[PDB]
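Student: So I pulled this structure from the PDB, and the sequence comes with it:
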Amino acid sequence: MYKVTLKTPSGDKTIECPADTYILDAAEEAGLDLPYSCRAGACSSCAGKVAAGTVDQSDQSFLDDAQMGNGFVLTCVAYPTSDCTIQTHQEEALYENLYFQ
Ligand code: FES
């Protein structure tokens with residue numbers, strides 16, 4: 001898998017997310033304070049933030065490719081296309097920016 005360090009409001013943890021399996025599976029495995037939702041992309045409140053590396057969230061709701069470069073991504077239907085660091089609870093970041101990055 002790819003090693004993605006999820007940045008949670010409680011800290012950070014490196015998970016192993018397969019190139020076929022969405023981050024949240026490995027994310028919850030790692031022990032994050034990450035909720036569980038649809039895994040189908042019915043919303044974007046559970047939108048992770050690509051702090052580092054990259055992931056596959058092309059079919060994200062109202063998030064665009066540029067947002068991924070900005071470091072804004074989806075946790076439900078996305079997984080690392082490389083080893084990365086992914087912020088969790090920063091859903092707003094796609095909506096505005098959250099001023100994190
Ligand atoms: S629950 Fe609908 S996208 Fe996470």
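Tutor: The structure has been received and is ready for your questions. Numbering: from 1, shown residues only.
Student: wait, what's in contact with the residue in the chain that the ligand sits nearest to?
Tutor: Residue nearest to the ligand within the chain: residue 37 (2.8 Å; C-beta to the nearest ligand atom). Where you see a C-beta, it was placed from the backbone N, CA and C, and this is true even at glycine. Neighbouring residues of residue 37 by C-beta atoms under 8 Å, 6 or more residues apart in numbering: 24, 43, 45-46, 76.
Student: Could you see whether the ligand lies near the longest helix seen in the chain?
Tutor: Longest helix in the chain by number of residues (criterion: DSSP state H): helix 23-30. No. Under the criterion of C-beta under 6 Å from any ligand atom, helix 23-30 makes no contact with the ligand; the nearest approach is 8.0 Å.
Student: Counting by contacts, list what that helix packs against.
Tutor: Secondary-structure packing of helix 23-30 (3 or more C-beta pairs under 8 Å, 6 or more residues apart in numbering; DSSP states H and E): strand 2-8, strand 11-17.
Student: Can I get these in CSV including distance to the ligand?
Tutor: Conversion of these to CSV gives the following (distance: least, C-beta to the nearest ligand atom, whole Å):
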stretch, distance to the ligand
strand 2-8, 15
strand 11-17, 16
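Student: To residue 62, which of those strands lies closest?
Tutor: strand 2-8 (22.2 Å; C-beta to C-beta).
Student: who does that closest one touch, helix- and strand-wise?
Tutor: Strand 2-8 is packed against strand 11-17, helix 23-30, strand 49-52, strand 84-87, with contacts defined by 3+ C-beta pairs under 8 Å, 6+ apart.
Student: quick one on the thing from earlier: helix or strand: which one has the residue of the chain closest to the ligand?
Tutor: Residue 37 belongs to no helix or strand when elements are defined using DSSP states H and E.
Student: Pick the most buried one from the helices and strands packed on strand 2-8.
Tutor: A comparison of those by mean neighbour count, using mean count of other C-beta atoms under 10 Å, puts strand 84-87 on top with a mean of 24.
Student: who does it pair up with?
Tutor: Under the criterion DSSP bridges, strand 84-87 sits next to strand 2-8 (parallel), strand 49-52 (antiparallel) in its sheet.
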